[PDB]
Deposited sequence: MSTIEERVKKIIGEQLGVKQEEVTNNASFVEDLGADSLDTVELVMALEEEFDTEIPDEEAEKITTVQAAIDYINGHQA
């Protein structure tokens, strides 16, 4: 599970471009996402699948 391979993070594998609310389509749907990624790392776009969650912890 690489930096891109791990970040868990409703979308088709291919459609989910490493490029959440707008294009990717990842009210409360976006909230349980953080809660799920927060658990497995024990720590606008889909940019944080690399930016926020690699440097931090």
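Judged by missing C-alpha atoms, the gaps in the deposited chain sequence fall at residues 1, 9 to 10, 13 to 16, 27 to 28, 36, 54 to 63, 78, listed in sequence order.
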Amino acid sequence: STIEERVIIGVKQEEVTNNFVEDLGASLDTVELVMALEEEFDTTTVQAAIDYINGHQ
From here on, numbers count along this sequence of modelled residues.
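For clarity, a rigid core is taken as the largest C-alpha set superposing within 1.5 Å between two forms.
Comparing 45 to 53 with 32 to 40 by root mean square Cα distance to the shown form in 5 other deposited structures of this protein, with the rigid core used for the fit, gives 45 to 53 as the more displaced stretch.
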